[PDB]
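Here's entry.csv, which has CSV, N, CA, C and O atoms:
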chain,number,residue,atom,x,y,z
A,1,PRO,N,17.7,41.9,48.5
A,1,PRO,CA,17.1,40.9,47.6
A,1,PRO,C,18.0,39.8,47.4
A,1,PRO,O,19.1,39.9,47.0
A,2,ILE,N,17.4,38.6,47.6
A,2,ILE,CA,18.2,37.4,47.4
A,2,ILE,C,18.3,36.9,45.9
A,2,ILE,O,17.6,37.4,45.1
A,3,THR,N,19.2,36.0,45.7
A,3,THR,CA,19.4,35.4,44.4
A,3,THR,C,20.0,34.0,44.6
A,3,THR,O,20.0,33.5,45.7
A,4,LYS,N,20.4,33.4,43.5
A,4,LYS,CA,21.0,32.0,43.6
A,4,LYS,C,22.2,32.0,44.5
A,4,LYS,O,22.3,31.3,45.5
A,5,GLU,N,23.2,32.9,44.2
A,5,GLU,CA,24.4,33.0,45.0
A,5,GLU,C,24.2,33.8,46.3
A,5,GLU,O,25.0,33.7,47.2
A,6,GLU,N,23.0,34.5,46.4
A,6,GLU,CA,22.7,35.2,47.6
A,6,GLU,C,22.1,34.3,48.6
A,6,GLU,O,22.3,34.4,49.8
A,7,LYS,N,21.5,33.2,48.1
A,7,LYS,CA,21.0,32.2,48.9
A,7,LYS,C,22.1,31.4,49.5
A,7,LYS,O,22.2,31.2,50.7
A,8,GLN,N,23.1,31.1,48.6
A,8,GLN,CA,24.3,30.4,49.0
A,8,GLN,C,25.0,31.2,50.1
A,8,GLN,O,25.6,30.7,51.0
A,9,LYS,N,25.1,32.5,49.9
A,9,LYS,CA,25.7,33.4,50.8
A,9,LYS,C,25.0,33.4,52.2
A,9,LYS,O,25.7,33.3,53.2
A,10,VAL,N,23.7,33.5,52.2
A,10,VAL,CA,22.9,33.5,53.4
A,10,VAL,C,23.0,32.2,54.2
A,10,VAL,O,23.2,32.1,55.4
A,11,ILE,N,23.0,31.1,53.4
A,11,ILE,CA,23.1,29.7,54.0
A,11,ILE,C,24.5,29.5,54.6
A,11,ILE,O,24.6,29.0,55.7
A,12,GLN,N,25.5,29.9,53.9
A,12,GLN,CA,26.9,29.7,54.3
A,12,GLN,C,27.2,30.6,55.5
A,12,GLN,O,28.1,30.3,56.3
A,13,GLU,N,26.5,31.7,55.6
A,13,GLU,CA,26.7,32.7,56.7
A,13,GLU,C,26.0,32.2,57.9
A,13,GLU,O,26.6,32.0,59.0
A,14,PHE,N,24.7,32.0,57.8
A,14,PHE,CA,23.9,31.7,58.9
A,14,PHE,C,23.7,30.2,59.3
A,14,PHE,O,24.4,29.6,60.1
A,15,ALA,N,22.8,29.5,58.5
A,15,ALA,CA,22.4,28.1,58.8
A,15,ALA,C,23.5,27.1,58.8
A,15,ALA,O,24.2,26.9,57.8
A,16,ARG,N,23.7,26.5,60.0
A,16,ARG,CA,24.6,25.3,60.0
A,16,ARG,C,24.0,24.3,61.0
A,16,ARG,O,24.4,24.1,62.1
A,17,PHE,N,23.0,23.6,60.5
A,17,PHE,CA,22.3,22.5,61.2
A,17,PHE,C,22.0,21.4,60.2
A,17,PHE,O,22.2,21.6,59.0
A,18,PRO,N,21.6,20.2,60.6
A,18,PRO,CA,21.1,19.2,59.6
A,18,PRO,C,19.8,19.6,59.0
A,18,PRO,O,18.7,19.1,59.3
A,19,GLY,N,19.9,20.6,58.1
A,19,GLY,CA,18.8,21.3,57.5
A,19,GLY,C,19.1,22.7,57.3
A,19,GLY,O,18.2,23.6,57.5
A,20,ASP,N,20.3,23.0,57.0
A,20,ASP,CA,20.8,24.4,56.9
A,20,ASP,C,20.2,25.1,55.6
A,20,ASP,O,20.9,25.4,54.6
A,21,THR,N,18.9,25.3,55.7
A,21,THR,CA,18.2,26.0,54.7
A,21,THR,C,17.0,26.6,55.4
A,21,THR,O,16.5,27.7,55.1
A,22,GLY,N,16.5,25.9,56.5
A,22,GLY,CA,15.4,26.4,57.3
A,22,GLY,C,15.8,26.4,58.8
A,22,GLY,O,14.9,26.2,59.6
A,23,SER,N,17.0,26.6,59.1
A,23,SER,CA,17.5,26.7,60.4
A,23,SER,C,17.1,27.9,61.1
A,23,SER,O,16.9,29.0,60.5
A,24,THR,N,17.1,27.9,62.5
A,24,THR,CA,16.7,29.0,63.3
A,24,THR,C,17.5,30.3,62.9
A,24,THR,O,16.9,31.3,62.8
A,25,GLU,N,18.8,30.1,62.7
A,25,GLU,CA,19.7,31.2,62.3
A,25,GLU,C,19.1,32.0,61.1
A,25,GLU,O,19.0,33.2,61.1
A,26,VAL,N,18.8,31.2,60.0
A,26,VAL,CA,18.3,31.8,58.8
A,26,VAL,C,16.9,32.4,59.0
A,26,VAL,O,16.6,33.5,58.4
A,27,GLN,N,16.1,31.8,59.8
A,27,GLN,CA,14.7,32.3,60.0
A,27,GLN,C,14.8,33.6,60.9
A,27,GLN,O,14.0,34.5,60.6
A,28,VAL,N,15.6,33.6,61.9
A,28,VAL,CA,15.8,34.9,62.7
A,28,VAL,C,16.4,35.9,61.8
A,28,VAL,O,16.2,37.1,61.9
A,29,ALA,N,17.3,35.5,60.9
A,29,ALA,CA,17.9,36.4,59.9
A,29,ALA,C,16.8,37.0,59.0
A,29,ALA,O,16.8,38.2,58.9
A,30,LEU,N,15.9,36.2,58.5
A,30,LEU,CA,14.8,36.7,57.7
A,30,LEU,C,13.8,37.4,58.5
A,30,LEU,O,13.2,38.4,58.0
A,31,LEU,N,13.7,37.1,59.8
A,31,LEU,CA,12.8,37.8,60.7
A,31,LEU,C,13.3,39.2,60.9
A,31,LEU,O,12.6,40.2,60.8
A,32,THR,N,14.6,39.3,61.1
A,32,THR,CA,15.3,40.6,61.3
A,32,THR,C,15.3,41.4,60.0
A,32,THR,O,15.1,42.6,60.0
A,33,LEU,N,15.6,40.7,58.9
A,33,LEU,CA,15.6,41.4,57.6
A,33,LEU,C,14.2,41.9,57.3
A,33,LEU,O,14.0,43.0,56.7
A,34,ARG,N,13.2,41.2,57.6
A,34,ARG,CA,11.8,41.6,57.5
A,34,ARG,C,11.5,42.8,58.3
A,34,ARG,O,10.9,43.8,57.8
A,35,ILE,N,11.9,42.8,59.6
A,35,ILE,CA,11.8,44.0,60.4
A,35,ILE,C,12.4,45.2,59.8
A,35,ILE,O,11.7,46.3,59.7
A,36,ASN,N,13.6,45.1,59.3
A,36,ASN,CA,14.3,46.2,58.7
A,36,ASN,C,13.6,46.7,57.4
A,36,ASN,O,13.3,47.9,57.3
A,37,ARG,N,13.2,45.7,56.6
A,37,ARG,CA,12.5,46.0,55.3
A,37,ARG,C,11.2,46.7,55.6
A,37,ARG,O,10.8,47.6,54.9
A,38,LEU,N,10.5,46.2,56.6
A,38,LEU,CA,9.2,46.7,56.9
A,38,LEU,C,9.3,48.1,57.6
A,38,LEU,O,8.4,48.9,57.4
A,39,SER,N,10.4,48.3,58.3
A,39,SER,CA,10.6,49.6,58.9
A,39,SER,C,10.8,50.7,57.8
A,39,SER,O,10.2,51.7,57.8
A,40,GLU,N,11.6,50.3,56.8
A,40,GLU,CA,11.8,51.2,55.7
A,40,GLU,C,10.6,51.3,54.8
A,40,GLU,O,10.4,52.3,54.0
A,41,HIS,N,9.7,50.3,54.9
A,41,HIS,CA,8.5,50.3,54.2
A,41,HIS,C,7.5,51.2,54.8
A,41,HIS,O,6.9,52.1,54.1
A,42,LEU,N,7.5,51.2,56.1
A,42,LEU,CA,6.6,52.1,56.9
A,42,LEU,C,7.1,53.5,56.8
A,42,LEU,O,6.3,54.4,57.1
A,43,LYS,N,8.4,53.7,56.5
A,43,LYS,CA,8.9,55.1,56.4
A,43,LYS,C,8.5,55.7,55.1
A,43,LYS,O,8.9,56.9,54.8
A,44,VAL,N,7.7,55.0,54.3
A,44,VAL,CA,7.2,55.4,53.1
A,44,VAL,C,5.7,55.3,53.2
A,44,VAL,O,4.9,56.2,52.8
A,45,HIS,N,5.2,54.2,53.7
A,45,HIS,CA,3.8,53.9,53.9
A,45,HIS,C,3.2,54.8,55.1
A,45,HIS,O,3.2,54.3,56.2
A,46,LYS,N,2.9,56.0,54.7
A,46,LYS,CA,2.2,56.9,55.7
A,46,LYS,C,0.7,56.6,55.7
A,46,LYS,O,0.0,57.2,56.5
A,47,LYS,N,0.3,55.8,54.8
A,47,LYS,CA,-1.1,55.4,54.7
A,47,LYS,C,-1.4,54.2,55.6
A,47,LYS,O,-2.6,53.9,55.8
A,48,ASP,N,-0.4,53.7,56.2
A,48,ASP,CA,-0.5,52.5,57.0
A,48,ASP,C,-0.4,52.9,58.5
A,48,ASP,O,0.7,52.8,59.1
A,49,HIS,N,-1.5,53.4,59.0
A,49,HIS,CA,-1.5,53.7,60.4
A,49,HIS,C,-1.6,52.4,61.3
A,49,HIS,O,-1.8,51.4,60.7
A,50,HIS,N,-1.5,52.6,62.6
A,50,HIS,CA,-1.4,51.4,63.5
A,50,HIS,C,-0.1,50.6,63.1
A,50,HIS,O,-0.1,49.4,63.2
A,51,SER,N,0.8,51.4,62.7
A,51,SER,CA,2.1,50.9,62.2
A,51,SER,C,2.8,50.0,63.2
A,51,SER,O,2.6,50.0,64.4
A,52,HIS,N,3.7,49.1,62.6
A,52,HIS,CA,4.4,48.1,63.4
A,52,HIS,C,3.3,46.9,63.6
A,52,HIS,O,3.5,46.1,64.6
A,53,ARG,N,2.3,46.9,62.7
A,53,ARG,CA,1.2,46.0,62.7
A,53,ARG,C,1.6,44.6,63.1
A,53,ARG,O,1.1,44.0,64.1
A,54,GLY,N,2.6,44.0,62.4
A,54,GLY,CA,3.1,42.7,62.7
A,54,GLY,C,4.5,42.7,63.1
A,54,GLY,O,5.2,41.7,63.3
A,55,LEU,N,5.1,43.9,63.3
A,55,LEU,CA,6.5,44.1,63.7
A,55,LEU,C,6.7,43.9,65.2
A,55,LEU,O,7.8,43.5,65.6
A,56,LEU,N,5.6,44.1,65.9
A,56,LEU,CA,5.7,44.0,67.3
A,56,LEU,C,5.9,42.5,67.7
A,56,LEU,O,6.5,42.2,68.7
A,57,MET,N,5.2,41.6,67.0
A,57,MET,CA,5.3,40.2,67.2
A,57,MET,C,6.8,39.8,67.0
A,57,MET,O,7.3,39.1,67.8
A,58,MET,N,7.4,40.2,65.9
A,58,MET,CA,8.8,39.9,65.6
A,58,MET,C,9.8,40.5,66.7
A,58,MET,O,10.7,39.9,67.1
A,59,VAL,N,9.5,41.8,67.0
A,59,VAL,CA,10.4,42.4,68.1
A,59,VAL,C,10.2,41.6,69.4
A,59,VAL,O,11.2,41.4,70.1
A,60,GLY,N,9.0,41.1,69.6
A,60,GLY,CA,8.7,40.3,70.8
A,60,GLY,C,9.5,39.0,70.8
A,60,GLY,O,10.0,38.6,71.7
A,61,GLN,N,9.4,38.3,69.6
A,61,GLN,CA,10.1,37.0,69.4
A,61,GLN,C,11.6,37.2,69.5
A,61,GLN,O,12.4,36.3,69.8
A,62,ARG,N,12.1,38.4,69.1
A,62,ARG,CA,13.5,38.7,69.1
A,62,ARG,C,14.0,38.9,70.5
A,62,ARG,O,15.2,38.6,70.8
A,63,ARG,N,13.2,39.5,71.4
A,63,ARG,CA,13.6,39.7,72.7
A,63,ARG,C,13.3,38.4,73.5
A,63,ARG,O,14.0,38.2,74.6
A,64,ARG,N,12.4,37.6,73.1
A,64,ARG,CA,12.2,36.3,73.7
A,64,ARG,C,13.3,35.3,73.4
A,64,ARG,O,13.7,34.4,74.1
A,65,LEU,N,13.9,35.5,72.2
A,65,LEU,CA,15.0,34.7,71.6
A,65,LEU,C,16.2,34.6,72.6
A,65,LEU,O,16.9,33.6,72.7
A,66,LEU,N,16.3,35.6,73.5
A,66,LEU,CA,17.4,35.7,74.5
A,66,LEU,C,17.5,34.4,75.3
A,66,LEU,O,18.5,33.7,75.2
A,67,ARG,N,16.5,34.0,76.1
A,67,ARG,CA,16.6,32.8,77.0
A,67,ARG,C,16.4,31.5,76.2
A,67,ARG,O,16.3,30.5,76.8
A,68,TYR,N,16.2,31.6,74.9
A,68,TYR,CA,16.1,30.4,74.1
A,68,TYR,C,17.4,30.1,73.4
A,68,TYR,O,18.0,29.1,73.6
A,69,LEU,N,17.8,31.0,72.5
A,69,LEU,CA,19.0,30.9,71.7
A,69,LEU,C,20.2,30.7,72.5
A,69,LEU,O,21.0,29.8,72.3
A,70,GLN,N,20.4,31.5,73.5
A,70,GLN,CA,21.5,31.5,74.4
A,70,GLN,C,21.5,30.2,75.3
A,70,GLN,O,22.6,29.7,75.6
A,71,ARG,N,20.4,29.8,75.6
A,71,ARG,CA,20.2,28.6,76.5
A,71,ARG,C,20.5,27.3,75.8
A,71,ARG,O,21.2,26.4,76.3
A,72,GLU,N,20.0,27.2,74.5
A,72,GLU,CA,20.2,25.9,73.8
A,72,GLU,C,21.6,25.8,73.1
A,72,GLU,O,22.0,24.8,72.6
A,73,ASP,N,22.4,26.9,73.3
A,73,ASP,CA,23.7,27.0,72.8
A,73,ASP,C,24.3,28.4,73.1
A,73,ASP,O,23.8,29.4,72.5
A,74,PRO,N,25.3,28.5,74.0
A,74,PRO,CA,25.9,29.7,74.4
A,74,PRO,C,26.6,30.4,73.3
A,74,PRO,O,26.6,31.7,73.2
A,75,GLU,N,27.1,29.7,72.3
A,75,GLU,CA,27.8,30.2,71.2
A,75,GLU,C,26.8,30.8,70.2
A,75,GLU,O,27.1,31.9,69.7
A,76,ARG,N,25.7,30.1,70.0
A,76,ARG,CA,24.7,30.6,69.1
A,76,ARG,C,24.1,32.0,69.6
A,76,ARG,O,23.7,32.8,68.7
A,77,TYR,N,24.1,32.3,70.9
A,77,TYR,CA,23.7,33.6,71.3
A,77,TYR,C,24.5,34.6,70.7
A,77,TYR,O,24.1,35.4,69.8
A,78,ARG,N,25.8,34.6,71.2
A,78,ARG,CA,26.8,35.6,70.8
A,78,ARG,C,27.1,35.5,69.3
A,78,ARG,O,27.5,36.5,68.7
A,79,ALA,N,27.1,34.4,68.7
A,79,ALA,CA,27.5,34.3,67.3
A,79,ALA,C,26.3,34.6,66.3
A,79,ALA,O,26.5,35.0,65.2
A,80,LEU,N,25.1,34.4,66.7
A,80,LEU,CA,24.0,34.7,65.8
A,80,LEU,C,23.8,36.2,65.9
A,80,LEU,O,23.3,36.9,65.0
A,81,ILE,N,24.1,36.8,67.1
A,81,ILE,CA,24.0,38.3,67.2
A,81,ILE,C,25.1,38.9,66.5
A,81,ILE,O,25.0,40.1,66.0
A,82,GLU,N,26.2,38.2,66.3
A,82,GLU,CA,27.4,38.6,65.6
A,82,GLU,C,26.9,38.6,64.1
A,82,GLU,O,27.1,39.5,63.3
A,83,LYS,N,26.3,37.4,63.7
A,83,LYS,CA,25.9,37.2,62.3
A,83,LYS,C,24.9,38.3,61.8
A,83,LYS,O,25.0,38.9,60.8
A,84,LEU,N,23.8,38.5,62.7
A,84,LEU,CA,22.8,39.5,62.4
A,84,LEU,C,23.3,40.9,62.3
A,84,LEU,O,23.0,41.7,61.5
A,85,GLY,N,24.3,41.2,63.3
A,85,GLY,CA,24.8,42.5,63.3
A,85,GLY,C,24.1,43.3,64.4
A,85,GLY,O,23.7,44.4,64.2
A,86,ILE,N,24.0,42.6,65.6
A,86,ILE,CA,23.4,43.2,66.7
A,86,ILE,C,24.5,43.8,67.7
A,86,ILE,O,24.3,44.5,68.6
A,87,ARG,N,25.8,43.5,67.3
A,87,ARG,CA,27.0,44.0,68.0
A,87,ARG,C,27.2,45.5,67.9
A,87,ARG,O,27.9,46.2,68.7
A,88,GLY,N,26.7,45.9,66.7
A,88,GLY,CA,26.5,47.2,66.1
A,88,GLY,C,27.1,47.3,64.7
A,88,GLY,O,27.8,48.4,64.4

So, in terms of structure tokens, how does the structure I just supplied come out?
Amino acid sequence: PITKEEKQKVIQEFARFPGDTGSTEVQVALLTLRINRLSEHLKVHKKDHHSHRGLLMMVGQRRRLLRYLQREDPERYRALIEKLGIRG
């Protein structure tokens, strides 16, 4: 859950563009946070069959991100995956 300084934390961590508030980094960050949140949501929501309803779209955009993120900046590939925590 974000807050005033949590926003500042997310922005100082991820977004570093002329508009570091709605930058790709923060949006993929929120896309990944949404996936995680929704997965823990679905682990409670047993009433929601056809699960991963809109999570498949995000998983798809996350795997599509490969030839986009890495291509428009080689550092952003490896460093946004570092930021998100895809390194493990």

Show me, as a Markdown table, the residues of segment 17-54 of chain A having an atom within 12 Å of segment 2-13 of chain A, each with the closest atom pair and its distance in Å, using only C-alpha atoms.
| residue | atom | partner | partner_atom | distance |
| --- | --- | --- | --- | --- |
| A:17 | CA | A:11 | CA | 10.2 |
| A:19 | CA | A:11 | CA | 10.1 |
| A:20 | CA | A:11 | CA | 6.5 |
| A:21 | CA | A:11 | CA | 6.2 |
| A:22 | CA | A:11 | CA | 9.0 |
| A:23 | CA | A:11 | CA | 9.0 |
| A:24 | CA | A:11 | CA | 11.3 |
| A:25 | CA | A:13 | CA | 9.1 |
| A:26 | CA | A:11 | CA | 7.1 |
| A:27 | CA | A:10 | CA | 10.6 |
| A:28 | CA | A:10 | CA | 11.8 |
| A:29 | CA | A:10 | CA | 8.7 |
| A:30 | CA | A:10 | CA | 9.7 |
| A:33 | CA | A:2 | CA | 11.3 |

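Note that the spacing between atom N of residue 60 of chain A and atom N of residue 87 of chain A amounts to 17.1 Å.
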
Next item on the list: Could you check how far atom N of residue 43 of chain A sits from atom O of residue 56 of chain A, in Å to one decimal?
Entry: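 Rounded to one decimal, the two atoms are 16.9 Å apart.
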
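Distance-wise, atom N of residue 54 of chain A and atom C of residue 37 of chain A end up 11.3 Å apart.
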